[PDB]
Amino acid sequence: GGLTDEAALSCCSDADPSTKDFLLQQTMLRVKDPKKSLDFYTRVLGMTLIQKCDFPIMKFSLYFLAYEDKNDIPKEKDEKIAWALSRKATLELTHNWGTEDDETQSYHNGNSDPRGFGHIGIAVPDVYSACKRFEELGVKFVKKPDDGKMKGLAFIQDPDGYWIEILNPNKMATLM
């Protein structure tokens, strides 16, 4: 039947001082086509592209997206890397060059066998209004807010089929 509150807490330790400045900096997802991914995460979800890195020998690129004001992006190349890679809660999209012109290639979202990774989640002030806009923009849904058991919570899909939860922290609780 899963862990009790007490038993779970007993598996938690205090934060060692060696970790006192650590931060959760990135989640990395592989994307078939950066052109579509960048459009979606910026235009649909309102993120900013804060940093792009290219690796000519290994034939890939990295794109870092985050909810930052673009005015806060350092102007100078090396400070920009340091500022971008020290932001909390970035999404790192990896583009293996060539995948966008490979009809036999696609990435797996982790929600069908074999499962692992499930989703990223965006907290929003208003799930319904967010998702009305998503519908208007042609976004694909796994779960509309009012579908299924858990009313008020939605899951959309990015261009690769990655699941993105859309949740309002303040309506969570006052539910089921």
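So that there is no doubt, residue numbering starts at 1 and follows the sequence shown.
Peer 1: Comparing average C-alpha B factors as deposited, tell me which of 4-12 and 167-175 sits higher.
Peer 2: Comparing averages over the C-alpha atoms only gives 167-175.
Peer 1: Should the higher mean CA B-factor in the entry be assigned to 143-151 or to 41-49?
Peer 2: Higher of the two, by average CA B-factor, is 143-151.
Peer 1: Which of these, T90, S86, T94, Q105, has its C-alpha atom at the highest B-factor, as the entry lists it?
Peer 2: Among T90, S86, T94, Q105, the highest C-alpha B-factor in the entry belongs to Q105.
Peer 1: Is the Cα B-factor recorded for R133 in the lowest, middle or highest third of its chain?
Peer 2: CA B-factor rank for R133: middle third.
Peer 1: Select lowest, middle or highest to describe the third in which the CA B-factor of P34 falls within its chain in this entry.
Peer 2: As the PDB entry reports it, the C-alpha B-factor of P34 lands in the middle third of its chain.
Peer 1: For the chain shown, is the CA B-factor of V124 in the lowest, middle or highest third of its modelled residues?
Peer 2: Tercile = lowest for this residue's CA B-factor.
Peer 1: Per the entry's values, where does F60 land by CA temperature factor relative to the rest of its chain, in the lowest, middle or highest third?
Peer 2: Tercile = middle for this residue's CA B-factor.
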